[PDB]
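>>> just the starting chains for now, same placement as in the complex:
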Amino acid sequence: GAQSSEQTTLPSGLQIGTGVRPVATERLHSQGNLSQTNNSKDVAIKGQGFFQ
Amino acid sequence: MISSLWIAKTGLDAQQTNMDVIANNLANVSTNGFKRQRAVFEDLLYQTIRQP
Amino acid sequence: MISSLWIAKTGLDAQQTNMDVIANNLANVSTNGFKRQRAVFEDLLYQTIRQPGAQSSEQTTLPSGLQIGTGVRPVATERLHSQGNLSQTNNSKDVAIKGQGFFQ
Amino acid sequence: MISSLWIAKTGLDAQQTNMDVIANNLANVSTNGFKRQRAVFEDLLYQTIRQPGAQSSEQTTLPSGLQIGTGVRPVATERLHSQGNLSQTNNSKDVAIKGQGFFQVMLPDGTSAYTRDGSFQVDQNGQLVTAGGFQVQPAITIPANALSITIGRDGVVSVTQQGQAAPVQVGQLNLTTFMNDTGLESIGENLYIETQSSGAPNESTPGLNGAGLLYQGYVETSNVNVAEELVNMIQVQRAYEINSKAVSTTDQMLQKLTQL
Amino acid sequence: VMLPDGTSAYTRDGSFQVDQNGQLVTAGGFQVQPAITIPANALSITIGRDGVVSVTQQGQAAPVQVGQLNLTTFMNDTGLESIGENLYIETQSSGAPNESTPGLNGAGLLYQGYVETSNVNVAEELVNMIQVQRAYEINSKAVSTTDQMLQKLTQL
Amino acid sequence: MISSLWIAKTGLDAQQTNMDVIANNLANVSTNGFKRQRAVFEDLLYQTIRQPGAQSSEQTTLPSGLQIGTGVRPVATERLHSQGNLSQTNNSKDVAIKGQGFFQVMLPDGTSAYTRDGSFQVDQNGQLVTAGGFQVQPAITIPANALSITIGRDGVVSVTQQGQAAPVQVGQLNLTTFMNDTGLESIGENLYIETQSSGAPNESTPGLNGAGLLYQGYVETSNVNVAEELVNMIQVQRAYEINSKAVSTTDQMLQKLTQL
Amino acid sequence: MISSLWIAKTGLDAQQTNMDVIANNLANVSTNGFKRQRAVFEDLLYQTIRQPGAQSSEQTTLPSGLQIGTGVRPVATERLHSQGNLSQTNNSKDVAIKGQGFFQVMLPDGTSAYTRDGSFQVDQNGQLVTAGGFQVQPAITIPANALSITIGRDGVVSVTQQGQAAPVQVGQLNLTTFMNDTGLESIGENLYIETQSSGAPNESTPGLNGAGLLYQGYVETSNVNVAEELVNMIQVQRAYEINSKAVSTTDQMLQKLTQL
């Protein structure tokens, strides 16, 4: 964008870039398929809650 | 490991429950004052990839 | 990391979704009042390269340019709301539907 | 920096394009009304050096002089607009084309697109829309409590109401035909838009002017034939491998130049 | 094939497409000579053994002849100038382009639904690459030997 | 990319065509008035190399020169026009042909197709129609007050009204015959249309100069033979597998060469 | 640039030609009236260097001196003109040959070609033609109202008309025999033409001095033996392996000389 001449501008100048970095590791909080273990004590959640 | 495998395993277990019910019904033909069983099934969870 | 690999990855995912639909249909054979599912797919975006119909010379157009396409995506899962076979259980409480209504 | 390297690079790019087309064809096996793609290749420029036909002697000519060619580039991608095999889905809302016509739908922008896919639904308003929700043209609206929908071979859509012994007509499903079907621009979502190379949209009923016939309860599957795709994958892999070998040979030549 | 500037080129790539006004053209858009215009009411296009193009319209039980595919035969084929995009132009070594019907005057036949592929033999090219590479490595060594001889000579 | 690959890529396609013909024949094993298909193949190009019969010396000729050939192409699938077995399903509206003639039916667009299917119905207006709703020719109307329909061996359709001891003639059914029955173009729905290779439609009465005979209460079944189709599947499968093995051998040969 | 590399290249080309012949033979398995081809090779030139039989010493000669051979080249591909097994297609127009004769057809150019395939049809005018539409000579004209066509063992074509207990003869099918049957030039399309190495076409009746007997309802399938083709494919693959290894070994030797 710098003025290359008195009446013109420089389009898309010289950008030399460095490498790549990892930003973040995100989890996919979705509903997994249910498995029945025939146990009176095992509980499964259907929506978007957590046990405390 | 795969959603299809879990669904098919669940279907297998349900049909095995139906077979067990049928076998128990057949085993008690000569019992007096017996009421035969019938199993009722339902659809499991439905993941909403794209909301209808 | 390369275009063909992404296209094939999308195809694999679509076929896996189809297999899940088939497995769900199989698991609910004994359920009462169940309507089977069917998955519908659509073809994904297109990399344009040469535009189809672009004027090459002053008078001659370019027919059917280089439309390199991407993979596939499933649009929807539709139920088949059709009257299933009625079974006689001879029970005073069991009710069956003959038309296209729903219980509330 | 060396000619053979650029030529083999162009060859590698062409083979990668062929593999891309192959993968796109393979990923769309289950897509309804999909047409397979084919790539067309052409020679690149030709360095002239000696002019073929130049005057070598006063009474002799130079036959077929030294023309040095550049690599290869794809000309264009052409579809195979042919009738795909029909599949019975036993659904009153699915229509299949037997000839060479297209359904006209309206995009949300107001412009019209064309699709050969017949998987239709009915929205909350009753208008016949596609699987993505685009409204067919015209708005084949549907009454409230329909019992059955009958779409004839000539596009007449009728609804059977209760207590009425005669079916009522609620629309007329028409087909659009083009001078050049390969010139339609694919935009995804099984949708083709008009271009200047696809002629003009000729609106017509099913059965006249060439337009195809409509079958209710059937869907037009893709025309992709797998065995051709497998043999072409073998071809693409081996040609890519040969071109990579040529690149490697050029690399060794240049390295030997560097050592001296 | 008729080029935009009006001069005729010649091609053997038989992949054709119908443009927006009918008309058979090459994949690059150049119109093929002579003229075949295919109407809208066409159901199937058949190109015969002798280049006759017939178009079947609905209702008619007899196909309608549209055009003739004329093959241009040269007497010295290799003398043509390759102008790039799968096209050859005539030169002084391939003069007198003879229009003919396919199958007559030595011309070839036409098979519809098939395309002639490249005649490049692959093993020959790989062995030739081996020969070329080793040859460029023996000439480079000759260069190095001459350089060393010169260095030894001019050093004294 | 190599010659044997193209040749074995034509072999695969020809065997796939043979399997398609077999599967289509087996799928329509029960449709009435069906004629099964047979695919025919022919040799492709033959590269001359050394010309056969070339004059090597001034007195010795070269016998059977180096004629390297290309793959195979199918000419066409021809319909095996034979008389299917007649079945007595005892309905007055089913008629079967005994010779080599065809029924003429008027298509909605005004043109005439030709069908050998004899399962006829009566529309709401009383005309004889094909089960697909196409009206037969030269139009045979049936009154509402009809007690019995009698179609004789000569195609005369008679209707007996109530309390009347004499039948009433309501038309005359005629059969169309062609010079070449194979050249007819099948348009589906058990319908064939005339093509220039099928000559011209010669209308004739059933028993004269070559039209067949009509039997009432009979249906003409298909001529497809299941056991022969099974054996042909077993042989086509083996041929396809062997050609695929040729493809694989070519692929392996190209691997070692490139690796070198 | 080095002799062993040229020799191994010639070997590779010969093995590729053998594989091409094998693939062509396997691609035409379903073709009727097809004859399998076999290629024959000859070794290339022999460098003289030391003339054998020369005087090794005043009283002795050199036994079997130093001859250095070049690669290999294919001489010719010979057909195997043998009777393939007959197949019953139960068609009145299919004709098979039991002996050593050929059918004669006329190309559109006016010249005469020869074909052994007997899958015949009838055109729109009534003449007996092949599957490619070429008219079988001598012209056999089938009339409009034919009921059955009978072709006997000696080549007489008879038509039985309606109401006439005697059959009407409408032609005479002859067979052409050549002294050298393998010398014919195959143009594809199951057609062979006469060359100067195939002698002259001798017309003869089918049953006379060596023309074969004509069977109606039979087709002569190809004589390709497939297990032999699989074994030969194994052989060709291994030979190509060994030749490629020779090329690679020569490549490794020249490398050490470059390094020198």
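That came through, no problem. Numbers count the residues shown, from 1 in each chain, chains lettered A, B, ... in the order given.

>>> over to residue A:31: give its phi and psi.
phi -80, psi 120 (degrees, to the nearest 10).

>>> pretty sure it sits against residue A:46.
Yes. Judged on Cβ atoms under 8 Å, residue A:31 makes contact with residue A:46 at a distance of 7.1 Å. In short, each C-beta sits where N, CA and C put it, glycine included.

>>> surely residue A:1 meets residue A:10?
Yes. Contact criterion Cβ under 8 Å: residue A:1 and residue A:10 qualify, at 6.5 Å.

>>> ok, back up a step: looking only at neighbour counts, state which of residue A:31 and residue A:46 leads.
Between residue A:31 and residue A:46, counted using other Cβ atoms under 10 Å in any protein chain shown, the more crowded position is residue A:31 (14 against 9).

>>> so what's the more buried one up against?
Residue A:31 is in contact with A:46-47, B:45, B:47, counting by Cβ atoms under 8 Å, 6 or more residues apart in numbering or on different chains.

>>> of those, just say which sits nearest to residue A:16.
Nearest to residue A:16 among the contacts of residue A:31, counting by Cβ to Cβ, is residue B:47 at 45.7 Å.

>>> mind telling me which residue of chain A is nearest chain B?
Distance from chain B to each residue of chain A (Cβ to the nearest Cβ) is smallest for residue A:33, at 4.3 Å.

>>> can you get me a residue count around that residue?
Count around residue A:33 with other Cβ under 10 Å applied: 16.

>>> now the closest residue to it other than its chain neighbours: phi and psi?
Setting aside the residues directly before and after it, residue A:33 is nearest to residue B:6 in space (Cβ to Cβ, 6 or more residues apart in numbering or on different chains), at 4.3 Å. Torsion angles at residue B:6 (phi, psi; degrees, to the nearest 10) stand at phi -60, psi -40.

>>> residue contacts, residue B:6?
Residue B:6 touches A:33-35, counting by Cβ under 8 Å, 6+ apart.

>>> distance check, the residue most central in space within chain A against chain G.
Centroid-nearest residue in chain A: residue A:26, 5.6 Å away (criterion: Cα atoms, centre = their mean). Computed with Cβ to the nearest Cβ, to the nearest Å, the distance linking residue A:26 and chain G is 51 Å.

>>> same question, residue A:39
Residue A:39 is 58 Å from chain G, by Cβ to the nearest Cβ.

>>> count the residues that sit near that residue.
7.

>>> try the one 5 residues further on
Other residues within reach of residue A:44, judged by other Cβ under 10 Å, total 11.

>>> pretty sure it sits against residue A:34.
Yes. Residue A:44 is within contact range of residue A:34, at 5.4 Å (criterion: Cβ under 8 Å).

>>> ok, residue A:40 - contacts?
Taking Cβ under 8 Å, 6+ apart, one finds nothing in contact with residue A:40.

>>> could you also fit chain H onto it:
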Amino acid sequence: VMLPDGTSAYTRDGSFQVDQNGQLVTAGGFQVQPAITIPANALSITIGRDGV
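Alright, chain H goes in next:
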């Protein structure tokens, strides 16, 4: 190509860009004559065989 002083030079480097007021310019920013101005709502720019 139009130099800053106003005289016309000539180039064979075919790597062109477009600047912020439309207009085709070279990699250095000099504007190419004749003056070709690509609009903003462009979806795809095609440069034909004959320079159209």
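
>>> hmm, who's touching stretch A:7-20?
A:1-4, H:4, H:17-20, H:25, H:28-31.

>>> what residues does chain A put near chain H?
A:1, A:4-12 (Cβ under 8 Å from any Cβ of the partner chain).

>>> try it again with 10 Å
Applying Cβ under 10 Å from any Cβ of the partner chain, we find that chain A lies next to chain H at A:1-13.

>>> just the buried subset of those residues, please.
Among these, those classed as buried by neighbour count (16 or more other Cβ atoms under 10 Å in any protein chain shown) are A:4, A:8, A:10-11.

>>> please tell me how far the residue in chain A positioned nearest to chain F sits from chain C.
Shortest chain A-to-chain F distance, computed as Cβ to the nearest Cβ: residue-wise this is residue A:20, at 33.8 Å. Separation of residue A:20 from chain C (Cβ to the nearest Cβ): 13 Å.

>>> so how many other residues sit close to the closest residue to residue A:4 other than its chain neighbours?
Distances taken as Cβ to Cβ, 6+ apart place residue H:29 nearest to residue A:4, at 3.8 Å, with adjacent residues excluded. The local packing of residue H:29 (other Cβ under 10 Å) involves 19 other residues.

>>> report the contact partners of residue H:29.
With contacts defined as Cβ atoms under 10 Å, 6 or more residues apart in numbering or on different chains, the neighbours of residue H:29 are A:2-5, A:8-13, H:4, H:17, H:19.

>>> which two of those residues have the greatest separation?
A:12 and H:4 (18.9 Å).

>>> list the contacts of the closest residue to chain C within chain A.
Taking Cβ to the nearest Cβ, chain C has its nearest neighbour within chain A at residue A:33, 9.4 Å off. Residue A:33 makes contacts with B:2-7, B:9-10, B:44-45, B:47, C:20, as judged by Cβ under 10 Å, 6+ apart.

>>> try 7 Å this time
Residue A:33 sits next to B:3, B:6-7 when contact means Cβ atoms under 7 Å, 6 or more residues apart in numbering or on different chains.

>>> go through those residues and name the one nearest chain E.
Taking the contacts of residue A:33 together and measuring to chain E by Cβ to the nearest Cβ, the closest member is residue B:3, at 44.0 Å.

>>> out of everything not next to it in sequence, what's closest to that closest one?
Once chain neighbours are set aside, the closest to residue B:3 by Cβ to Cβ, 6+ apart is residue C:20, at 5.0 Å.

>>> from chain E, how far out is residue A:29?
51 Å.

>>> my bad, should have said residue A:31
With Cβ to the nearest Cβ as the criterion, residue A:31 and chain E are 50 Å apart.

>>> related to what we said a few turns ago, burial measure for the residue of chain A closest to chain F, as a count.
6.

>>> slot chain I in:
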Amino acid sequence: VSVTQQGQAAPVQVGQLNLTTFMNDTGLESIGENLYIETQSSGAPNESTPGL
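Adding chain I to the chains above:
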């Protein structure tokens, strides 16, 4: 040199390619453009039909 003409089951004889043999081939003068000219040490160019 024989050629095949359409419809002609026989080839048409066009010409004979004669080979020239010298006595001392090593004495020829190599003039450049892959050509040898006769030199007094390689005289007597004898034309012959190849094979004879």
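
>>> and the contacts of residue H:29, now that chain I is in?
Residue H:29 touches A:4-5, A:8-11, counting by Cβ under 7 Å, 6+ apart.

>>> run the last query once more with 6 Å
Each residue near residue H:29 by Cβ atoms under 6 Å, 6 or more residues apart in numbering or on different chains is listed here: A:4, A:8, A:10.

>>> which one of those residues is nearest to chain H?
Taking the contacts of residue H:29 together and measuring to chain H by Cβ to the nearest Cβ, the closest member is residue A:4, at 3.8 Å.

>>> how long is stretch A:38-49 end to end?
Stretch A:38-49 has its terminal residues 23 Å apart, counting by Cα to Cα, to the nearest Å.

>>> and for stretch A:25-42?
29 Å.

>>> with stretch A:35-47 instead?
End-to-end span of stretch A:35-47 (Cα to Cα): 16 Å.

>>> can you check stretch A:37-52 too?
Start-to-end span of stretch A:37-52 (Cα to Cα) is 22 Å.

>>> list the buried residues in it.
Of the residues in stretch A:37-52, none is buried (16+ other Cβ under 10 Å).

>>> that stretch: how far from the chain's middle?
28 Å (Cα atoms, centre = their mean, to the nearest Å).

>>> equivalent analysis for stretch A:27-40, please.
The answer for stretch A:27-40 is 24 Å, by Cα atoms, centre = their mean.

>>> ok, now stretch A:16-34?
For stretch A:16-34 - counting by Cα atoms, centre = their mean - the centre lies 4 Å from the chain centre.

>>> now do the end-to-end distance for stretch A:5-17.
One end of stretch A:5-17 to the other measures 26 Å (Cα to Cα).

>>> and stretch A:44-52, by the same measure?
End-to-end distance of stretch A:44-52 (Cα to Cα): 14 Å.

>>> contacts for that stretch next, please.
Here stretch A:44-52 makes contact (Cβ under 6 Å, 6+ apart) with residue A:34.

>>> and with 10 Å instead?
Residues contacting stretch A:44-52 (Cβ under 10 Å, 6+ apart): A:29-32, A:34-37, A:43, B:44-45.
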